[PDB]
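Reviewing the structure listed below.
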Amino acid sequence: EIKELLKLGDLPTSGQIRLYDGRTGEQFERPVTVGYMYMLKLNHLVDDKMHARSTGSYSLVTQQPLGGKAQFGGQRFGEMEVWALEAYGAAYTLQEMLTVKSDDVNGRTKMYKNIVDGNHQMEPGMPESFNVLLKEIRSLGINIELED
Amino acid sequence: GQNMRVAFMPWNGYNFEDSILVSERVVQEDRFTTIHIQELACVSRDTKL
Amino acid sequence: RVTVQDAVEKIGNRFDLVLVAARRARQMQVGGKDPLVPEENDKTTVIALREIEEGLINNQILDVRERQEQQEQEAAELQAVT
Amino acid sequence: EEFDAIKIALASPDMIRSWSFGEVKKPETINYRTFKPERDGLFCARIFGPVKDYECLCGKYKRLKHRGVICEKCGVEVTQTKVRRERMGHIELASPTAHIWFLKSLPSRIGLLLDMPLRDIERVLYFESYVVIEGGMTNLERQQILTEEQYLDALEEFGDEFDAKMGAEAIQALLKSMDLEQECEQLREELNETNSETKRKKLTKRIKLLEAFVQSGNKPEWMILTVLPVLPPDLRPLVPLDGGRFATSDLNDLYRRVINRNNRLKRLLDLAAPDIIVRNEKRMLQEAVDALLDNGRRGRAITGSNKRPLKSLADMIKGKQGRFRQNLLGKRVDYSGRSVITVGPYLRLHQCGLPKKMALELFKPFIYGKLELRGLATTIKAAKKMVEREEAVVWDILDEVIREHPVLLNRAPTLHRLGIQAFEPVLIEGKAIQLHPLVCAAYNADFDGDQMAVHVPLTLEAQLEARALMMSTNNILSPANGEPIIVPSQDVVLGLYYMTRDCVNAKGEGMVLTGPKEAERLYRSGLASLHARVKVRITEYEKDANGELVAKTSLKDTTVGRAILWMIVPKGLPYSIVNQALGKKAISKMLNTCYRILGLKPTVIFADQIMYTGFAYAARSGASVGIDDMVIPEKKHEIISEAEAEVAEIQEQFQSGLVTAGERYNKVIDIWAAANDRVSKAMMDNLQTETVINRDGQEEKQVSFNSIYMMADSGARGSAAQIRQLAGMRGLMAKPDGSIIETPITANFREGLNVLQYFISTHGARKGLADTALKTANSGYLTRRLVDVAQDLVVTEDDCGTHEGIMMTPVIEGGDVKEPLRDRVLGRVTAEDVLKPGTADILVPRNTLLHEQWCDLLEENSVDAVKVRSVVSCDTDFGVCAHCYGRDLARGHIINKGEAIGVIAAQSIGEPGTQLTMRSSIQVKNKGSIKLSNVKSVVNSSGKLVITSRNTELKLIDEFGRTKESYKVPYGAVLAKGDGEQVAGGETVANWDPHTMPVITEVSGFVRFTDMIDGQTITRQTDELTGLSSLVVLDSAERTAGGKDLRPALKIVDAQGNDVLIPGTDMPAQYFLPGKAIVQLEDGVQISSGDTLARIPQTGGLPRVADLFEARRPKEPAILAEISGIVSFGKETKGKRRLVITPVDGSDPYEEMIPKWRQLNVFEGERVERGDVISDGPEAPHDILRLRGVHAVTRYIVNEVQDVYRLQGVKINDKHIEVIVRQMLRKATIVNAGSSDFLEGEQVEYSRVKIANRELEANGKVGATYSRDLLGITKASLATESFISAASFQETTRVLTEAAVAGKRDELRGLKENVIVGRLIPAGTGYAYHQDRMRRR
Amino acid sequence: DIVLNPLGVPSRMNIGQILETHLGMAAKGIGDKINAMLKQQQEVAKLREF
Amino acid sequence: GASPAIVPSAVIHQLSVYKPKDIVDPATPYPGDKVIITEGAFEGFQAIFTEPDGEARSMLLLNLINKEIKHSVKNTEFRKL
DNA sequence: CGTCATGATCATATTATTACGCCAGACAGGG
DNA sequence: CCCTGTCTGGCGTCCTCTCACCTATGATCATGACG
Ligand SMILES: [Mg+2]
Ligand SMILES: [Zn+2]
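Protein chains in written order, with the entry's author numbering: chain A, 1194 to 1341; chain B, 797 to 845; chain C, 3 to 84; chain D, 15 to 933, 948 to 1126, 1135 to 1373; chain E, 1095 to 1144; chain F, 82 to 162.
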């Protein structure tokens, strides 16, 4: 029935028209399939997913950046990415990826001064969320410390 | 959605895995130009001072 | 710059390459030392690996030059004092 | 600051007072007139500090020359508000209170400290019993628990010096009056003197706790809280919801409940308690503290709103949504962004497209620095407003900061280590990330809406690590095998498959050409068709000279497309890599040979040029799929009608009563399988060779240029099955039972499908989707457990210095050789130096890495078994040496000193877990010599060779030394051949009965009955409808105790009445019988060999790999022989039947209760050896470890998991599974404590006891000997000498309580503790830093 | 207007989109013939016939 | 426990005439106590109680430096300790 | 001027179960 | 004390995006209106 309706119009029977090229202006071999397809635009647009953050706001209880897009936030450098950087020999990239860029507040203000002055260098320090872990374990009957 | 003239051919890699390659004739005709509306609220609260 | 293969051919560890090139780029960027190869407005990282590929920098030559240019500073201080 | 250890212990009440700056006394939080807090409630100011910096509550000090002085009005030290993040307060509990983590952690530390069960302690601690303290010279004991009437008795008769209390005061008096020295001496003396195994195990656990409690500095009464800490107020924040109210956090609710109940208890102890009354309030306080420390561990939890239980402290440390897995191991990160990916094929493979807006927002402070370094803004604020306005100069600044600065691209499910790569950005007008297509083979990323995230390396060392270690040109080999990961995926192999073929007559046929240059000039002008065979002249460079390229020239009979491709191939390769069809495997090994000949840089630029010309000629091809491309066979209808006539025949045979239901069902499914295969064969001929074209002579046929045939034959998308479903019938689908529908789907997708056929297709499809969902759910947790059991193993030396390695032989299931020697002994250092069978002639030295030339020289000489050094048999203390690992997979050379191989190994095993599944005789093929292994054979009367062993393994030795067939041979099987003989192909050489266990003999004599009394031992059951009856031998159950202790035996004798002995040994010849024997030949018949004395009646997926690495025991363990020698029976049926093994040189009295439901193997007169089986079934791994060795269990694990990964068609090299098996069997148990300080049943880690007896034995002492035990990976990871690793893994409560009472002291020991604490990993560059730091110690 | 990719058809077995494509081209062929018979200002008899 | 604690015939008789002390209580509003503020412009610090009103207000102890000015407030107005 | 009714504002924790599943190790039941 | 059943503890993928929801009811006190 599709063939008989393509025969009513003067279209080719097999549905395939030979098509020229726009750049070269010379014919594509082995004639190609054209027609009309009914295509839908979905509302997963690209200027609703795209996001970027240099330095925004920081969370209150653990001094790490906020999450999401409406809150101007940074992407979660999750656990499997930490495994994938342990799997290379990248050691300084992971150290700044979880001490300087993320958590340590004096470390990141030293970093921001050092970046706007041209000196690429990090003063590491300690994650502040590890001090939160010390306060939560210490708030039990447990006595966690840091020796030496 | 809308019905458009489609061809099945590999065209210079720009439709490699599942991608779609669209002429400017589609965007000139203003035919996928969807219209969105955002609601922005602003309340006048009651605080101190 | 695309590959760093010969920079590992001359420093076989591929982890000592990062230390030697970081030490070299820190000497070129903040310390204000001239590059030993003529650049093409490359950044200091690629100039460091480009000096590694010529062979004129590794950890041996960097320790030789830091000891000699520390002895030069202390020698200048001692000849200024006495 | 600087520190090398994190010590954990219990906390004395003086320690909690010395942390604390004040005391919380009231439960109010905020005033809610203002938000100035109430003194001195939870949120305070004079306990915890000022809300605002240098902003005193009263306000009186705010000068720069006036710092240090404290306030007088509110008494608030004008300092900083950061100090409200660190000051703690304390609550003085009015009555002591039992901590819940030491009461109900299973085991109970207060439980097996007091030598008292948990039910008595719970009935004392909740004020509903009485325990005794200071019992005095009365009838009552010390640990005797009482009740109300018994306390009335004890206070009437003994209201004097007798005493007893209840509640936490009584437990505190018990724990304080505990004398630890007396308990140590008494338990050591009892375990010297008692010696009962229940008491042995229980008392050695209690003395382990007491020695770990005495050696540390704890005290027992510190497990009962007197003073309770509060968390600082910034860490329990009070969020506003912008509605005038504070939906509080759960912690302030819990602390408020404890302070309410405690203040009411202070007031009730103040104004006097009504006798037996000051008890309910203390019960309420204990239950409120047990709600605060761990909510829900005690019976039913509390809630605020409405059903959900609210969050205690242990719910903030444990699990997901807690500080270990959500905030400390994976963090949210500044200088990062994310968008939707797209293709853009104009990129080189070390660069990616990235938007101008994202590149301007990620790289802000770089632009600020360049602005105030070039002098276009005075301060930082003018520069910020310039880059907010985006004026015309900052785009030049941005092109000057992007230029040589890598970024990290990341796909969101990172499975293996190629999921994070580093590129050099190119600015794009637009809002997507243009990503190079070949690279998307490693991300497993299509472009149907995938989203990738970019990160920026700030510091200088991170730019060098994202250039030298993580760049997209460096990672071209996978770390799972040696396969390249830059395989050209789909459009480009269609372009190359269309570019180089040949059709028999096209434009420009047979003309000769002066090189590939005018071949391109002929194709671009239309004077010659692209695939038309042509003689050309090529000049190829082969590197026969010593690193110098030799130019040879020739005239190849080839096509035009092959010449136009040949203008792109680099110099060193030969021509016969482009002189074929070039599908997907041909182009993949093309790139493989270009890598292993010319190195790296021509392989990168040649991958780029392959992608460019593949996209270009796939564009010029126009390989379009249509509806006339799927040729229906003309014989589909007649084959369907023949199969339907056959099911009509089986129908009208079924209703005549000749076939059953199951036989009918099997015949119907066999004829539909036959019809499906004939339809598939017909459509495959009508696709591949239908096109006929005249050669300018008469006619000729060729390979077809159909569109869907090239898309299925090149390897772009599809296979034989999917193009079979589009033209032939799509077969028999399954039903949700797992069964299979007898009426198949006789309709393909080119034709229609009616309603029922589409419904059955929906059964299959939704079963597949639910499999993929729950499959991913298990696969991710498998990767987690493997990277948390390995986690730590770093290549830390350069030569261990041992010899013992494992033996690599090619695996032989019993058909074709599945995995050859080249693909197993590729790149691993030899254990013993291989001598060719020209014995005393060395082929390889004993420390030679076996790369590809050496593997070819192994394949030529047909080397039997290259014994090779494995990771599991190493000798390096705290790590693995470099030579026992092998080649650095993903690279070419030996492994570098430092690369963390545990993590890459665990990712390489768990990464194909997404692909896995979830829910008579011996026939020879080849020809060669015949080998037998572990056989006890004898000669029958027929002249053949019959077998008297289950452990017989037949082998087919080929002409050059190795083995191509292996067959497990059953017990009593009959061979048509012998050992060392020669057979031919297709010759069945063995036959047996799988239903009957033959009891064939060795000597030739009469048969008599010994200990066979009729009526009891044997019963009279006449075979009714046949006639040949037998005296049926019964089991131990049916006959009573008059014959239960008498075993029926068949004694093979001679005519003299004696026993014809075994040839060689003077031992007699008699065969004892177990039950269920059907003895055919009765008393008085001469027998020979080969005659049965009696007749005897008789998950492979992702959970299988899980059950291997978890090391579960199976439900039916195949039991093995404990010790060698003869074997016999024991006590009769205490549920099970015993077994007594008596050796020749060993000792007899060992016994084991075998269940008689298992079919046994061994008789009374058979000798066993340790490591040999007693029955059959799946074989437990712990038995392999304790009975056969360590090499046996690592070999068994790698074979049993490689069968799964090769059944699903996945390549994983065996080093990774060997190193996971190294991190499994890491503990050990002591046998003789010796001159060290260990116990007799202690389970200490292996490297500790090996260095201990290495330093004992090196001097003139006697060391300590050991024995190894195998732990499953979750138990091997929870049993560490480092509590932070075992806390970041599963249950945190049990790990922290055990490490708390033990006083355990971590020293940061490897990777994950240093990821926690925020310092360098001791793997890559941080390994050199840690060698420097440890050398300066 | 739009150039798709053919290689998504034999693996991802949605062969219905190619029949939808051919029948859509048939529909537009009938529409083009109506547009040709109406742009030439033809009387209603030939339009009724077609 | 499942049932109420075995109450013997002793405490009941002992609680037949208790409260033989005085006001005592939880030390809140008395003659010489302490009480933090919660409302007004003179809040944020603490205060003391003495002779309050009764069915109207109380007695707040407001003082800065070395001077003090009493300001009758109802206890709802203040924050009873 | 006094009393009653209505309206507005401020103040605390049941209100009077059932549809996961496996493994594992301790606690205890039966003999 | 030696099994053998029961019990209750552990655990069950990653990343992102969107949306709502986050009391109301009862009692007491004060003010106004009507008698
Ligand atoms: Mg997809
Ligand atoms: Zn070793």
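Even for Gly, the Cβ is constructed at its ideal location relative to N, Cα and C.
(message) As a quick exercise: from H113/D, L1306/D, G829/D, pick the residue whose alpha carbon is nearest that of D1219/D.
(response) In the fourth sequence, the residue the question calls residue 1219/D occupies position 1183. Residue nearest to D1219/D within the set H113/D, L1306/D, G829/D is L1306/D (criterion: CA-CA distance).
(message) Please identify the residue among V1209/D, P926/D, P131/D, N762/D whose C-alpha is closest to the C-alpha of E1158/D.
(response) The residue you call residue 1158/D lines up with position 1122 of the fourth sequence. The residue with the shortest Cα to Cα distance from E1158/D is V1209/D.
(request) Anything in chain E within Cβ reach of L1199/A, meaning under 9 Å, just list it in chain order. (result) For the purposes of this step, residue 1199/A is taken as the residue at position 6 of the first sequence. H1116, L1117, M1119, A1120, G1123, listed in chain order.
(message) Let me make sure I understand the geometry here. Which of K370/D, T356/D, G389/D has the alpha-carbon closest to that of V453/D?
(response) Position 439 of the fourth sequence holds residue 453/D. For the residues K370/D, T356/D, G389/D, the minimum Cα distance to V453/D belongs to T356/D.
(request) Leaving out five residues on either side along the sequence, give the residues of the same chain with a beta carbon under 7 Å from the beta carbon of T46/C. (result) Taking the third sequence and counting its residues from 1, the one referred to as residue 46/C is at position 44. The residues are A27, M30, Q31.
(message) Report the CB separation of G318/D from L324/D in whole angstroms; it is logged as a contact under 8 Å.
(response) Translated into positions along the fourth sequence, residue 318/D becomes position 304. Translated into positions along the fourth sequence, residue 324/D becomes position 310. Approximately 5 Å separates the beta-carbon atoms of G318/D and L324/D; this is inside 8 Å, confirming the contact.
(request) Output yes if chain D places a C-beta closer than 8 Å to the C-beta of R28/C; else output no. (result) As a position in the third sequence, residue 28/C is number 26, starting the count at 1. Chain D contact via Cβ: present.
(request) Please report how far the alpha carbon of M192/D lies from the alpha carbon of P234/D, in whole angstroms. (result) As a working note, residue 192/D is residue 178 in the fourth sequence. As a working note, residue 234/D is residue 220 in the fourth sequence. Their backbone Cα atoms lie some 8 Å apart in a straight line.
(message) Run through the DSSP bridge pairs and tell me what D1342/D is partnered with.
(response) Here residue 1342/D refers to the residue found at position 1306 of the fourth sequence. Answer by DSSP bridge pairing, in chain order: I20/D.
(request) State the Cα-Cα distance for the pair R311/D and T152/D, rounded to the nearest angstrom. (result) What you label residue 311/D is simply residue 297 of the fourth sequence in a count that begins at 1. What you label residue 152/D is simply residue 138 of the fourth sequence in a count that begins at 1. For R311/D and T152/D, the distance between alpha carbons rounds to 38 Å.
(message) Checking the sheet assignment: what are the DSSP bridge partners for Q1010/D?
(response) Against the fourth sequence, residue 1010/D aligns to sequence position 982. Answer is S957/D.
(request) Starting from the beta carbon of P359/D, find every residue of chain B whose beta carbon is closer than 9 Å, and list them in chain order. (result) As a position in the fourth sequence, residue 359/D is number 345, starting the count at 1. Near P359/D (Cβ distances below 9 Å), the residues of chain B are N808, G809, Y810, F812.
(request) Measure the alpha-carbon distance for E1327/D versus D308/D and round it to whole angstroms. (result) For the purposes of this step, residue 1327/D is identified with residue 1291 of the fourth sequence, where counting begins at 1. For the purposes of this step, residue 308/D is identified with residue 294 of the fourth sequence, where counting begins at 1. When rounded, the distance between both Cα atoms is 13 Å.
(message) Bridge partners for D114/F per DSSP, in chain order?
(response) One-based indexing of the sixth sequence puts residue 114/F at position 33. Looking at the DSSP assignment, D114/F forms a beta bridge with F130/F.
(request) Check each candidate in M1232/A, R1269/A, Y1213/A and name the one with the smallest Cα separation from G344/D. (result) Numbered from its first residue, the fourth sequence carries residue 344/D at position 330. Here the closest residue by C-alpha is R1269/A.
(message) In whole angstroms, give me the CA-to-CA distance for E1349/D and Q62/C.
(response) Reading the fourth sequence from its first residue, position 1313 is the one you call residue 1349/D. Reading the third sequence from its first residue, position 60 is the one you call residue 62/C. Their backbone Cα atoms lie some 33 Å apart in a straight line.
(message) Could you compute how far the alpha carbon of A1263/A sits from the alpha carbon of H1237/A?
(response) Taking the first sequence and counting its residues from 1, one reaches residue 1263/A at position 70. Taking the first sequence and counting its residues from 1, one reaches residue 1237/A at position 44. Roughly 16 Å separates the two Cα atoms.
(message) Once DSSP output is grouped into helix, strand and coil, what is the label at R1222/D?
(response) For this step, residue 1222/D is matched to residue 1186 along the fourth sequence. In this structure, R1222/D counts as helix in the three-state DSSP scheme.
(request) Would you mind telling me which residues of chain E sit closer than 8 Å to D516/D, beta carbon to beta carbon, in chain order? (result) Here residue 516/D refers to the residue found at position 502 when the fourth sequence is read from its first residue. Those do not exist, as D516/D stays about 23 Å from chain E at its closest Cβ, beyond 8 Å.
(request) Tell me whether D505/D counts as near ligand 1, meaning its Cβ is closer than 7 Å to at least one heavy atom of that ligand. (result) In the fourth sequence, counting from the first residue as 1, residue 505/D sits at position 491. With a cutoff of 7 Å, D505/D does not count as near ligand 1, since its C-beta is closer than that to no heavy atom of the ligand.
(message) Need the endpoints of the beta strand (DSSP E) that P379/D sits in, please.
(response) Taking the fourth sequence and counting its residues from 1, the one referred to as residue 379/D is at position 365. Under the DSSP assignment, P379/D falls outside any beta strand (DSSP E), being part of the alpha helix (DSSP H) whose first and last residues are 378-388.
(request) Could you confirm whether any beta carbon from chain E is found closer than 8 Å to the beta carbon of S819/B? (result) The count along the second sequence starts at 1 and reaches residue 819/B at position 23. It does; some Cβ of chain E falls within 8 Å.
(request) Mind checking which residues open and close the beta strand (DSSP E) that includes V1035/D? (result) If you number the fourth sequence from 1, residue 1035/D lands on position 1007. Membership of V1035/D in the beta strand (DSSP E) is indicated by the continuous run 1034-1038.
(message) I'd like the span of the alpha helix (DSSP H) that includes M400/D, first residue to last.
(response) As a working note, residue 400/D is residue 386 in the fourth sequence. First-last of the alpha helix (DSSP H) with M400/D: 394-403.
(request) Under 6 Å Cβ to Cβ from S1313/D, same chain only, skipping five residues before and after it: list those, please. (result) As a first step, residue 1313/D is located in the fourth sequence; it is residue number 1277 there, counting from the start. These residues qualify, in order along the chain: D802, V803, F1325.
(request) With a threshold of 16 other CB atoms inside 10 Å of the CB of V823/B, please say whether the residue is buried or exposed. (result) Sequence index remark: in the second sequence, residue 823/B carries index 27 (1-based). Only exposed fits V823/B, as fewer than 16 other CB atoms lie within 10 angstroms of its CB.
(request) May I have the straight-line CA-CA distance separating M298/D from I124/D, to the nearest angstrom? (result) In the fourth sequence, residue 298/D corresponds to position 284, counting from 1. In the fourth sequence, residue 124/D corresponds to position 110, counting from 1. Taking the CA atoms as reference points, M298/D sits about 21 Å from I124/D.
(request) Establish whether the CB of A226/D and some CB of chain A are separated by less than 8 Å. (result) To locate residue 226/D, count along the fourth sequence from 1; it is residue 212. No, its Cβ sits nowhere closer than 8 Å to a Cβ of chain A.
(message) When you compare the segment 230-250 of chain D with the segment 110-125 of chain D, are there three or more beta-carbon pairs, one atom per stretch, that lie closer than 8 Å?
(response) yes
(message) Quick check: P243/D and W115/D, are their CB atoms within less than 8 Å of each other?
(response) Translated into positions along the fourth sequence, residue 243/D becomes position 229. Translated into positions along the fourth sequence, residue 115/D becomes position 101. No.
(message) Along the segment 1282-1297 of chain A, where does the CB come closer than 7 Å to a CB of chain C? Name the residues.
(response) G1282
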